[PDB]
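Single-structure report; data block below.
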Amino acid sequence: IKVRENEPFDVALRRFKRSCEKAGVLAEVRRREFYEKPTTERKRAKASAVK
Amino acid sequence: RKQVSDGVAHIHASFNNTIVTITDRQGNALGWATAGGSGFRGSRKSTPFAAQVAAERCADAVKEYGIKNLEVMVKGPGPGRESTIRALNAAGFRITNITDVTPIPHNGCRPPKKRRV
Amino acid sequence: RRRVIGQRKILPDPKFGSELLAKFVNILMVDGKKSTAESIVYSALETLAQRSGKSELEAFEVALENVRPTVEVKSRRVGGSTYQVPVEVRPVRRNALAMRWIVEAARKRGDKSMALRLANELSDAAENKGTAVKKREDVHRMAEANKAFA
RNA sequence: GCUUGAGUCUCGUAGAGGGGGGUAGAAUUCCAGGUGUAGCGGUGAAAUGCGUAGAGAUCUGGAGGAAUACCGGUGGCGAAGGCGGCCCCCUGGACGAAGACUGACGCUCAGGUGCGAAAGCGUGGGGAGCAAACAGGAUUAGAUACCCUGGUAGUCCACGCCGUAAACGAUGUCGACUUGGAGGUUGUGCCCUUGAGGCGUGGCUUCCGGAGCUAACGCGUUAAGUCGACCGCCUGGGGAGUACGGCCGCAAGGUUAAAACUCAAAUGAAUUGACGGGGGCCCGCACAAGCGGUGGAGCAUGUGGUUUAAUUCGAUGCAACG
């Protein structure tokens, strides 16, 4: 993101910054979009959370 | 003839390749290098080691200008995305700014199906 | 397998004493003949000893500890590579690879007696030439030129 | 006649309700210009393709079309189909809250009318991306495919038309009732509201489960429970959702819908095993890691084939073949 280091180091980490982008946002868009498919799989995680 | 101490270090972290290009501050190209000059093919194009190979070639072709500040423009997935950052720094540049210009789908184009296997 | 492998005791050279020199007998064992082996060892040692400085243990030892690899390549689909990935080996297996290659190299000579063959080959190990060395220069060539994780 | 059914009115509630009209930014693309240079692109590898005629990348400017990252969720709304930026205008539905009127005005429905995703068809616009088709390249033995590079129609819009979809909660619609748990959402009354909150009472909505039902799986107060009202349909599979005709359609076909013949099942759910180039896990010289062979050569030895009057007979994937 446009978050940046405040003093010049390689200690400061930029895979922090892959927090808001590439987070369901990229690395799965390169496939054609069908309305059924992302709607269905969500219902798997709420048996998970209660159980 | 350009010399301004600062310039964007653009990096195109291609998921299939890695290009590294150092542009002026005003977006006027100065140097570039890639996996294909490094002497790689395949998905070997896209590794940390290989990214070093290009990041550093590119350094011999832009250092004589006198640039030594970075404005990192990480763009796309593609491993070896921070080898390059680190490489530059570790070779007479300094970090200043980590910026994002990265294409983000709003689905203003239609993505292909690609390989369905 | 359950647990991990044990170690197995091997006796060093009696006349000068170097485990590593005795692991060179092991490498030169064919027919099982350790007897007829203990000849060739000293036979190559002297050649070395005259022509070269250092110790007589470091006519072999050192000279070899620079034409031994530090990477071996196998492969597996773990890391997401279909390719031959470098592997920094334990220092003992470093030896084993080179020792082996050097011995193949003196049955590719017809330079009379596995003494005189293997002898002059090891003298050129410090001189860094001979097709024994060049195997390293093919492994490490692949690995670093076509790095695909590690 | 009566009001509690139903319905209207009133006052609000929230929402991707609809339709038309405006509009934004990102992104992709192209065009223009600059910079910069020998590759780019792709893949499992590659090649076609695209590069010195200066691409890719990078910046700057312009143009356009389509879609709206996040939001965003069994979240919400709609009768269903279905509906995503944002605004305006016109407008629909639901709900809740008080009361108030009307006075069974209702439910459902063969026929009929209306709504109907996508593709498609006509006419005119428009054309970014993707992509039937189509053309190379690749894979394979073949490959009119998966795979890669492109790319036309189309997708988009206006208007009309066709009316189909495992049109799916595979559950007709409406009403009436019957244990409960936990969650979502959305109103409202009340509580030192002395808590970010506590108790009620509704609307819509999911997951789970008792009884019960069912062949089981499960369904389970939004039923497949327990009832009713009316309608729709089914009546072995294959033949065949086809033919023939009628009807509708511009057409494609849709709509209605058989019979002969033919088979003894077809079918559902669940069990066990088996298998899976399924998944998870775990082993064995199974592999890796090594070291030595065989197959090359000759001979021994067995077999097959063939010949011979007989080449005695048996053994045949490992698990027959010194």
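The chains in the structure tokens are called A, B, ... from first to last as shown; in each chain the residues are counted from 1, and the ligands are counted from 1 in the order shown.
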
Could you name the residues that touch residue A:47 at 10 Å or less, counting only C-alpha atoms (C1' of nucleotides), but leaving out those on the same chain fewer than 4 positions away, as JSON, numbers by chain?
{"A": [43, 51], "D": [207, 208]}

Please produce a file of the residues just selected, as a PDB file, in the first residue's frame, where the atoms kept are C-alpha atoms (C1' of nucleotides).
```
ATOM      1  CA  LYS A  43     -21.658 -21.460   3.847  1.00  0.00           C
ATOM      2  CA  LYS A  51     -19.126 -26.196  16.071  1.00  0.00           C
TER       3      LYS A  51
ATOM      4  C1'   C D 207     -28.294 -23.243  10.854  1.00  0.00           C
ATOM      5  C1'   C D 208     -29.366 -27.194  14.478  1.00  0.00           C
TER       6        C D 208
END
```

I want to know what sits within 10 Å of residue B:49, based on only C-alpha atoms (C1' of nucleotides), with residues of the same chain fewer than 3 positions away left out; could you give that as a ChimeraX atom specification?
/B:44-46,52-54,79-80,83-84 /C:144-150

For the residues in the current selection, export N, CA, C and O atoms as a PDB file, in the first residue's frame.
```pdb
ATOM      1  N   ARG B  44      11.136 -20.382 -13.348  1.00  0.00           N
ATOM      2  CA  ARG B  44      12.409 -20.122 -12.795  1.00  0.00           C
ATOM      3  C   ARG B  44      12.693 -18.743 -12.982  1.00  0.00           C
ATOM      4  O   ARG B  44      13.663 -18.275 -12.410  1.00  0.00           O
ATOM      5  N   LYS B  45      11.946 -18.056 -13.914  1.00  0.00           N
ATOM      6  CA  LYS B  45      11.918 -16.648 -14.203  1.00  0.00           C
ATOM      7  C   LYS B  45      11.532 -15.929 -12.981  1.00  0.00           C
ATOM      8  O   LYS B  45      11.863 -14.777 -12.798  1.00  0.00           O
ATOM      9  N   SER B  46      10.636 -16.614 -12.248  1.00  0.00           N
ATOM     10  CA  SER B  46       9.976 -16.048 -11.117  1.00  0.00           C
ATOM     11  C   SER B  46      10.347 -16.735  -9.884  1.00  0.00           C
ATOM     12  O   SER B  46       9.671 -17.684  -9.438  1.00  0.00           O
ATOM     13  N   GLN B  52      17.341 -11.042  -8.310  1.00  0.00           N
ATOM     14  CA  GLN B  52      18.632 -10.468  -7.914  1.00  0.00           C
ATOM     15  C   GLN B  52      19.318 -10.225  -9.228  1.00  0.00           C
ATOM     16  O   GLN B  52      19.530  -9.057  -9.495  1.00  0.00           O
ATOM     17  N   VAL B  53      19.531 -11.292 -10.019  1.00  0.00           N
ATOM     18  CA  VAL B  53      20.236 -11.248 -11.317  1.00  0.00           C
ATOM     19  C   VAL B  53      19.832 -10.063 -12.180  1.00  0.00           C
ATOM     20  O   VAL B  53      20.665  -9.480 -12.876  1.00  0.00           O
ATOM     21  N   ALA B  54      18.578  -9.604 -12.160  1.00  0.00           N
ATOM     22  CA  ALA B  54      18.144  -8.542 -13.056  1.00  0.00           C
ATOM     23  C   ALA B  54      18.301  -7.161 -12.417  1.00  0.00           C
ATOM     24  O   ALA B  54      18.829  -6.284 -13.064  1.00  0.00           O
ATOM     25  N   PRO B  79       7.217 -13.964  -7.312  1.00  0.00           N
ATOM     26  CA  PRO B  79       8.174 -14.011  -6.278  1.00  0.00           C
ATOM     27  C   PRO B  79       9.496 -13.491  -6.539  1.00  0.00           C
ATOM     28  O   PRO B  79       9.916 -13.463  -7.692  1.00  0.00           O
ATOM     29  N   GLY B  80      10.156 -13.012  -5.449  1.00  0.00           N
ATOM     30  CA  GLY B  80      11.316 -12.271  -5.610  1.00  0.00           C
ATOM     31  C   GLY B  80      11.111 -10.796  -5.613  1.00  0.00           C
ATOM     32  O   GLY B  80      11.913 -10.051  -6.209  1.00  0.00           O
ATOM     33  N   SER B  83      13.508  -9.231  -2.833  1.00  0.00           N
ATOM     34  CA  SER B  83      14.936  -9.403  -3.221  1.00  0.00           C
ATOM     35  C   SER B  83      15.591  -8.219  -3.837  1.00  0.00           C
ATOM     36  O   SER B  83      16.812  -8.104  -3.703  1.00  0.00           O
ATOM     37  N   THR B  84      14.721  -7.461  -4.631  1.00  0.00           N
ATOM     38  CA  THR B  84      15.054  -6.464  -5.596  1.00  0.00           C
ATOM     39  C   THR B  84      15.235  -5.196  -4.826  1.00  0.00           C
ATOM     40  O   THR B  84      16.226  -4.515  -4.965  1.00  0.00           O
TER      41      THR B  84
ATOM     42  N   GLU C 144      23.085 -22.789 -10.027  1.00  0.00           N
ATOM     43  CA  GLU C 144      23.212 -21.344  -9.867  1.00  0.00           C
ATOM     44  C   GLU C 144      22.829 -20.596 -11.047  1.00  0.00           C
ATOM     45  O   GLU C 144      22.515 -19.415 -10.885  1.00  0.00           O
ATOM     46  N   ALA C 145      22.676 -21.301 -12.169  1.00  0.00           N
ATOM     47  CA  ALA C 145      22.310 -20.728 -13.394  1.00  0.00           C
ATOM     48  C   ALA C 145      20.862 -20.927 -13.694  1.00  0.00           C
ATOM     49  O   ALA C 145      20.334 -20.253 -14.545  1.00  0.00           O
ATOM     50  N   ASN C 146      20.249 -21.843 -12.932  1.00  0.00           N
ATOM     51  CA  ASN C 146      18.917 -22.220 -13.166  1.00  0.00           C
ATOM     52  C   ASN C 146      18.426 -22.404 -11.770  1.00  0.00           C
ATOM     53  O   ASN C 146      17.735 -23.407 -11.584  1.00  0.00           O
ATOM     54  N   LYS C 147      18.742 -21.558 -10.773  1.00  0.00           N
ATOM     55  CA  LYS C 147      18.166 -21.579  -9.404  1.00  0.00           C
ATOM     56  C   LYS C 147      16.759 -21.507  -9.407  1.00  0.00           C
ATOM     57  O   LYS C 147      16.081 -20.715 -10.036  1.00  0.00           O
ATOM     58  N   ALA C 148      16.115 -22.406  -8.589  1.00  0.00           N
ATOM     59  CA  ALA C 148      14.714 -22.654  -8.492  1.00  0.00           C
ATOM     60  C   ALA C 148      14.515 -23.107  -7.048  1.00  0.00           C
ATOM     61  O   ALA C 148      14.368 -24.277  -6.754  1.00  0.00           O
ATOM     62  N   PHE C 149      14.591 -22.099  -6.161  1.00  0.00           N
ATOM     63  CA  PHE C 149      14.591 -22.276  -4.752  1.00  0.00           C
ATOM     64  C   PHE C 149      15.767 -23.079  -4.258  1.00  0.00           C
ATOM     65  O   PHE C 149      16.606 -23.586  -4.983  1.00  0.00           O
ATOM     66  N   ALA C 150      15.784 -23.205  -2.887  1.00  0.00           N
ATOM     67  CA  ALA C 150      16.817 -23.803  -2.136  1.00  0.00           C
ATOM     68  C   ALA C 150      16.349 -24.022  -0.723  1.00  0.00           C
ATOM     69  O   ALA C 150      17.131 -24.528   0.078  1.00  0.00           O
TER      70      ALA C 150
END
```

Given a cut-off of 8 Å, which residues of chain B touch chain D, counting only C-alpha atoms (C1' of nucleotides), written out as a PDB file with N, CA, C and O atoms, in the first residue's frame?
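File written: iface-v6.pdb
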```pdb
ATOM      1  N   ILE B  19      10.380  -8.135 -14.373  1.00  0.00           N
ATOM      2  CA  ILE B  19      10.961  -6.937 -14.918  1.00  0.00           C
ATOM      3  C   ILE B  19      11.228  -6.079 -13.748  1.00  0.00           C
ATOM      4  O   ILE B  19      10.442  -6.100 -12.832  1.00  0.00           O
ATOM      5  N   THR B  21      12.535  -1.974 -13.624  1.00  0.00           N
ATOM      6  CA  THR B  21      12.854  -0.824 -14.437  1.00  0.00           C
ATOM      7  C   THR B  21      12.936   0.325 -13.420  1.00  0.00           C
ATOM      8  O   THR B  21      12.059   0.370 -12.616  1.00  0.00           O
ATOM      9  N   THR B  23      13.032   4.268 -13.478  1.00  0.00           N
ATOM     10  CA  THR B  23      12.501   5.395 -14.137  1.00  0.00           C
ATOM     11  C   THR B  23      12.975   6.576 -13.317  1.00  0.00           C
ATOM     12  O   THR B  23      13.410   6.466 -12.171  1.00  0.00           O
ATOM     13  N   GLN B  26      10.233  11.834 -12.765  1.00  0.00           N
ATOM     14  CA  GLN B  26       9.304  12.477 -13.624  1.00  0.00           C
ATOM     15  C   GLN B  26       8.929  11.520 -14.690  1.00  0.00           C
ATOM     16  O   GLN B  26       8.310  11.899 -15.668  1.00  0.00           O
ATOM     17  N   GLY B  27       9.208  10.229 -14.456  1.00  0.00           N
ATOM     18  CA  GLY B  27       8.630   9.154 -15.198  1.00  0.00           C
ATOM     19  C   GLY B  27       9.274   8.936 -16.504  1.00  0.00           C
ATOM     20  O   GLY B  27       8.714   8.351 -17.379  1.00  0.00           O
ATOM     21  N   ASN B  28      10.563   9.389 -16.640  1.00  0.00           N
ATOM     22  CA  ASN B  28      11.392   9.366 -17.881  1.00  0.00           C
ATOM     23  C   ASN B  28      12.417   8.269 -17.695  1.00  0.00           C
ATOM     24  O   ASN B  28      13.414   8.446 -17.002  1.00  0.00           O
ATOM     25  N   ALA B  29      12.254   7.115 -18.362  1.00  0.00           N
ATOM     26  CA  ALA B  29      13.095   5.923 -18.188  1.00  0.00           C
ATOM     27  C   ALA B  29      14.574   6.150 -18.273  1.00  0.00           C
ATOM     28  O   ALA B  29      15.133   7.053 -18.857  1.00  0.00           O
ATOM     29  N   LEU B  30      15.316   5.316 -17.539  1.00  0.00           N
ATOM     30  CA  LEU B  30      16.764   5.447 -17.410  1.00  0.00           C
ATOM     31  C   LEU B  30      17.384   4.067 -17.656  1.00  0.00           C
ATOM     32  O   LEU B  30      18.424   3.884 -18.338  1.00  0.00           O
ATOM     33  N   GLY B  31      16.787   3.020 -16.992  1.00  0.00           N
ATOM     34  CA  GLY B  31      17.299   1.650 -17.226  1.00  0.00           C
ATOM     35  C   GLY B  31      16.332   0.589 -17.028  1.00  0.00           C
ATOM     36  O   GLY B  31      15.306   0.828 -16.405  1.00  0.00           O
ATOM     37  N   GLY B  36      14.913 -12.541 -18.696  1.00  0.00           N
ATOM     38  CA  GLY B  36      15.347 -13.080 -19.970  1.00  0.00           C
ATOM     39  C   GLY B  36      16.771 -12.742 -20.240  1.00  0.00           C
ATOM     40  O   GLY B  36      17.449 -13.483 -20.919  1.00  0.00           O
ATOM     41  N   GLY B  42      10.983 -20.343 -17.998  1.00  0.00           N
ATOM     42  CA  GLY B  42      10.000 -21.084 -17.298  1.00  0.00           C
ATOM     43  C   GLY B  42       9.493 -20.312 -16.129  1.00  0.00           C
ATOM     44  O   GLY B  42       9.126 -19.168 -16.305  1.00  0.00           O
ATOM     45  N   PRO B 103      -2.547  -2.351 -10.608  1.00  0.00           N
ATOM     46  CA  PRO B 103      -3.882  -2.540 -11.106  1.00  0.00           C
ATOM     47  C   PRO B 103      -4.758  -3.412 -10.202  1.00  0.00           C
ATOM     48  O   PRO B 103      -4.208  -4.400  -9.710  1.00  0.00           O
ATOM     49  N   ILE B 104      -5.987  -3.026  -9.994  1.00  0.00           N
ATOM     50  CA  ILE B 104      -6.869  -3.577  -9.084  1.00  0.00           C
ATOM     51  C   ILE B 104      -8.009  -3.813 -10.082  1.00  0.00           C
ATOM     52  O   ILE B 104      -8.409  -2.796 -10.652  1.00  0.00           O
ATOM     53  N   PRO B 105      -8.558  -5.075 -10.323  1.00  0.00           N
ATOM     54  CA  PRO B 105      -9.838  -5.277 -10.870  1.00  0.00           C
ATOM     55  C   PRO B 105     -11.013  -4.553 -10.183  1.00  0.00           C
ATOM     56  O   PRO B 105     -11.135  -4.660  -8.974  1.00  0.00           O
ATOM     57  N   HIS B 106     -11.835  -3.947 -11.020  1.00  0.00           N
ATOM     58  CA  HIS B 106     -13.210  -3.399 -10.689  1.00  0.00           C
ATOM     59  C   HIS B 106     -14.042  -4.129 -11.713  1.00  0.00           C
ATOM     60  O   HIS B 106     -15.230  -4.025 -11.756  1.00  0.00           O
ATOM     61  N   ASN B 107     -13.354  -4.975 -12.451  1.00  0.00           N
ATOM     62  CA  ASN B 107     -13.790  -5.853 -13.505  1.00  0.00           C
ATOM     63  C   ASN B 107     -14.206  -4.933 -14.666  1.00  0.00           C
ATOM     64  O   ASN B 107     -15.202  -5.133 -15.293  1.00  0.00           O
ATOM     65  N   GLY B 108     -13.314  -3.910 -14.936  1.00  0.00           N
ATOM     66  CA  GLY B 108     -13.482  -2.979 -16.059  1.00  0.00           C
ATOM     67  C   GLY B 108     -13.081  -3.608 -17.302  1.00  0.00           C
ATOM     68  O   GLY B 108     -13.167  -2.961 -18.347  1.00  0.00           O
ATOM     69  N   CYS B 109     -12.571  -4.850 -17.210  1.00  0.00           N
ATOM     70  CA  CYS B 109     -12.313  -5.686 -18.374  1.00  0.00           C
ATOM     71  C   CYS B 109     -12.881  -6.985 -17.915  1.00  0.00           C
ATOM     72  O   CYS B 109     -13.071  -7.122 -16.693  1.00  0.00           O
ATOM     73  N   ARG B 110     -13.013  -7.983 -18.833  1.00  0.00           N
ATOM     74  CA  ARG B 110     -13.531  -9.276 -18.505  1.00  0.00           C
ATOM     75  C   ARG B 110     -12.345 -10.212 -18.435  1.00  0.00           C
ATOM     76  O   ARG B 110     -11.749 -10.390 -19.455  1.00  0.00           O
ATOM     77  N   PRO B 111     -11.958 -10.865 -17.276  1.00  0.00           N
ATOM     78  CA  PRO B 111     -10.792 -11.799 -17.238  1.00  0.00           C
ATOM     79  C   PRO B 111     -10.954 -13.008 -18.000  1.00  0.00           C
ATOM     80  O   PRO B 111     -12.150 -13.396 -17.967  1.00  0.00           O
ATOM     81  N   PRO B 112      -9.981 -13.611 -18.643  1.00  0.00           N
ATOM     82  CA  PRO B 112     -10.170 -14.796 -19.440  1.00  0.00           C
ATOM     83  C   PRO B 112     -10.445 -15.972 -18.490  1.00  0.00           C
ATOM     84  O   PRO B 112     -10.425 -15.749 -17.285  1.00  0.00           O
ATOM     85  N   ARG B 115      -6.179 -21.446 -18.098  1.00  0.00           N
ATOM     86  CA  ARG B 115      -6.101 -22.901 -18.064  1.00  0.00           C
ATOM     87  C   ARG B 115      -7.083 -23.468 -17.104  1.00  0.00           C
ATOM     88  O   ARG B 115      -7.209 -22.971 -15.972  1.00  0.00           O
ATOM     89  N   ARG B 116      -7.943 -24.363 -17.610  1.00  0.00           N
ATOM     90  CA  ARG B 116      -9.082 -24.802 -16.776  1.00  0.00           C
ATOM     91  C   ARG B 116      -8.849 -26.157 -16.112  1.00  0.00           C
ATOM     92  O   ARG B 116      -9.644 -26.640 -15.340  1.00  0.00           O
ATOM     93  N   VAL B 117      -7.690 -26.750 -16.450  1.00  0.00           N
ATOM     94  CA  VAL B 117      -7.196 -28.025 -15.920  1.00  0.00           C
ATOM     95  C   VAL B 117      -6.665 -27.780 -14.437  1.00  0.00           C
ATOM     96  O   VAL B 117      -6.700 -28.785 -13.700  1.00  0.00           O
TER      97      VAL B 117
END
```

Out of stretch 14-70 of chain B, which residues get strand (DSSP E or B) from DSSP, as a list in words?
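Reading the DSSP output for stretch 14-70 of chain B, strand (DSSP E or B) covers residues 19, 20, 21, 22, 23, 29, 30, 31, 32, 33, 34 and 67 of chain B.
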
Saved selection, atoms kept: N, CA and C atoms, as an mmCIF file, in the first residue's frame:
```cif
data_model
loop_
_atom_site.group_PDB
_atom_site.id
_atom_site.type_symbol
_atom_site.label_atom_id
_atom_site.label_comp_id
_atom_site.auth_asym_id
_atom_site.auth_seq_id
_atom_site.Cartn_x
_atom_site.Cartn_y
_atom_site.Cartn_z
ATOM 1 N N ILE B 19 10.380 -8.135 -14.373
ATOM 2 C CA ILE B 19 10.961 -6.937 -14.918
ATOM 3 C C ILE B 19 11.228 -6.079 -13.748
ATOM 4 N N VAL B 20 12.317 -5.316 -13.920
ATOM 5 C CA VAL B 20 12.775 -4.353 -12.960
ATOM 6 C C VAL B 20 13.079 -3.176 -13.859
ATOM 7 N N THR B 21 12.535 -1.974 -13.624
ATOM 8 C CA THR B 21 12.854 -0.824 -14.437
ATOM 9 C C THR B 21 12.936 0.325 -13.420
ATOM 10 N N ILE B 22 14.026 1.139 -13.567
ATOM 11 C CA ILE B 22 14.329 2.363 -12.849
ATOM 12 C C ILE B 22 14.047 3.422 -13.828
ATOM 13 N N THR B 23 13.032 4.268 -13.478
ATOM 14 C CA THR B 23 12.501 5.395 -14.137
ATOM 15 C C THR B 23 12.975 6.576 -13.317
ATOM 16 N N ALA B 29 12.254 7.115 -18.362
ATOM 17 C CA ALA B 29 13.095 5.923 -18.188
ATOM 18 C C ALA B 29 14.574 6.150 -18.273
ATOM 19 N N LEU B 30 15.316 5.316 -17.539
ATOM 20 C CA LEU B 30 16.764 5.447 -17.410
ATOM 21 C C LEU B 30 17.384 4.067 -17.656
ATOM 22 N N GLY B 31 16.787 3.020 -16.992
ATOM 23 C CA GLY B 31 17.299 1.650 -17.226
ATOM 24 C C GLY B 31 16.332 0.589 -17.028
ATOM 25 N N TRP B 32 16.581 -0.684 -17.419
ATOM 26 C CA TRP B 32 15.751 -1.846 -17.159
ATOM 27 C C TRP B 32 16.567 -3.019 -17.500
ATOM 28 N N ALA B 33 16.079 -4.174 -17.013
ATOM 29 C CA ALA B 33 16.536 -5.573 -17.097
ATOM 30 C C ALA B 33 15.489 -6.454 -16.496
ATOM 31 N N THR B 34 15.591 -7.794 -16.806
ATOM 32 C CA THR B 34 14.564 -8.715 -16.743
ATOM 33 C C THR B 34 15.255 -10.053 -16.607
ATOM 34 N N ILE B 67 21.675 7.902 -8.863
ATOM 35 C CA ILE B 67 20.398 7.774 -8.250
ATOM 36 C C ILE B 67 20.607 6.886 -7.094
#
```

Quick check: residues of chain B within 10 Å of chain A, only C-alpha atoms, returned as a ChimeraX atom specification.
/B:15,71-74,76-77,81-82,85-86,89-90,94-107,110-116

Can you tell me, as number ranges by chain, what residues are no more than 10 Å from residue D:22 when counting only C-alpha atoms (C1' of nucleotides), ignoring any on the same chain fewer than 4 positions away?
D: 87-89

Name the residues in contact with residue B:63 at a cut-off of 9 Å, using only C-alpha atoms (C1' of nucleotides), excluding same-chain residues fewer than 4 positions from it; report them as a ChimeraX atom specification.
/B:58-59,67-68,92-93

Select residues of chain B: the criterion is any atom within 8 Å of an atom of chain C, counting only C-alpha atoms; output as a ChimeraX atom specification.
/B:39-40,44,47-50

Just need the residues of chain D within 12 Å of chain C, counting only C-alpha atoms (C1' of nucleotides), so spit them out as a list in words.
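Listed by rising number, the hits are residues 44, 45, 282, 283, 284, 285, 288, 289, 290, 291 and 292 of chain D.
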
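Across chain A, DSSP run on the backbone finds helix (DSSP H, G or I) at residues 17, 18, 19, 36, 37, 38, 39, 40, 41, 42, 43, 44, 45, 46, 47, 48, 49 and 50 of chain A.
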
Output C-alpha atoms for every residue in that selection, as a PDB file, in the first residue's frame.
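That gives us out33.pdb:
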```pdb
ATOM      1  CA  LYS A  17       1.646  -3.779   3.483  1.00  0.00           C
ATOM      2  CA  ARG A  18       0.237  -6.839   1.519  1.00  0.00           C
ATOM      3  CA  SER A  19      -2.520  -6.514   4.228  1.00  0.00           C
ATOM      4  CA  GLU A  36     -23.087 -19.126  -8.507  1.00  0.00           C
ATOM      5  CA  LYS A  37     -19.477 -19.954  -7.538  1.00  0.00           C
ATOM      6  CA  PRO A  38     -18.223 -17.372  -4.921  1.00  0.00           C
ATOM      7  CA  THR A  39     -21.820 -17.341  -3.402  1.00  0.00           C
ATOM      8  CA  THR A  40     -21.837 -21.062  -2.574  1.00  0.00           C
ATOM      9  CA  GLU A  41     -18.594 -21.613  -0.596  1.00  0.00           C
ATOM     10  CA  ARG A  42     -19.161 -19.078   2.118  1.00  0.00           C
ATOM     11  CA  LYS A  43     -21.658 -21.460   3.847  1.00  0.00           C
ATOM     12  CA  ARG A  44     -18.980 -23.826   4.872  1.00  0.00           C
ATOM     13  CA  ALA A  45     -17.429 -21.465   7.451  1.00  0.00           C
ATOM     14  CA  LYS A  46     -20.449 -20.997   9.779  1.00  0.00           C
ATOM     15  CA  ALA A  47     -20.798 -24.720  10.572  1.00  0.00           C
ATOM     16  CA  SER A  48     -17.145 -24.189  11.320  1.00  0.00           C
ATOM     17  CA  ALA A  49     -17.505 -21.241  13.741  1.00  0.00           C
ATOM     18  CA  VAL A  50     -20.438 -22.674  15.780  1.00  0.00           C
TER      19      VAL A  50
END
```

Could you jot down the atom CA of residue C:63 to atom CA of residue C:138 separation for me, Å, one decimal place?
19.5 Å

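With only C-alpha atoms (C1' of nucleotides) as the atoms that count, the residue of D:95, D:118, D:182, D:109 with the shortest distance to chain A is D:182.
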
For the atom pair atom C1' of residue D:178 and atom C1' of residue D:220, what is the interatomic distance in Å to one decimal place?
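Computing it gives 11.1 Å between the two atoms.
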
I want to know what sits within 10 Å of residue C:59, based on only C-alpha atoms (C1' of nucleotides), with residues of the same chain fewer than 4 positions away left out; could you give that as an mmCIF file with C-alpha atoms, in the first residue's frame?
```cif
data_model
loop_
_atom_site.group_PDB
_atom_site.id
_atom_site.type_symbol
_atom_site.label_atom_id
_atom_site.label_comp_id
_atom_site.auth_asym_id
_atom_site.auth_seq_id
_atom_site.Cartn_x
_atom_site.Cartn_y
_atom_site.Cartn_z
ATOM 1 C CA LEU C 45 51.023 -41.093 -1.768
ATOM 2 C CA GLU C 46 54.688 -40.905 -2.704
ATOM 3 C CA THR C 47 54.048 -39.415 -6.129
ATOM 4 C CA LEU C 48 52.153 -36.818 -4.387
ATOM 5 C CA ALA C 49 54.670 -36.382 -1.561
ATOM 6 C CA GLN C 50 57.582 -35.518 -3.810
ATOM 7 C CA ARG C 51 55.903 -33.215 -6.208
ATOM 8 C CA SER C 52 53.823 -31.199 -3.813
ATOM 9 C CA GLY C 53 54.288 -29.315 -0.533
ATOM 10 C CA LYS C 54 51.985 -29.309 2.622
ATOM 11 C CA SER C 55 51.797 -32.594 4.704
ATOM 12 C CA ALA C 63 43.943 -30.817 -2.371
ATOM 13 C CA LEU C 64 40.556 -32.689 -2.444
ATOM 14 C CA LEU C 122 45.052 -36.585 -7.670
ATOM 15 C CA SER C 123 48.238 -34.434 -8.358
ATOM 16 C CA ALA C 125 43.372 -31.956 -7.980
ATOM 17 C CA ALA C 126 45.556 -29.160 -6.420
#
```

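If you look at atom CA of residue B:11 and atom CA of residue A:11, they are 20.1 Å away from each other.
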
What lies within 9 Å of residue C:116 using only C-alpha atoms (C1' of nucleotides), ignoring chain neighbours under 6 positions off, as an NGL selection string?
:C and (40 or 43-44 or 47 or 106)

Mind checking which residues fall within 12 Å of residue C:104, counting only C-alpha atoms (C1' of nucleotides), ignoring those fewer than 6 positions away in the same chain, and posting them as a PyMOL selection string?
chain C and resi 27-28+30+97-98+114+117-118+121+130-133+135

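Each of D:84, D:32, D:242, D:214 was checked against chain A using only C-alpha atoms (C1' of nucleotides); the smallest atom-to-atom distance is that of D:84.
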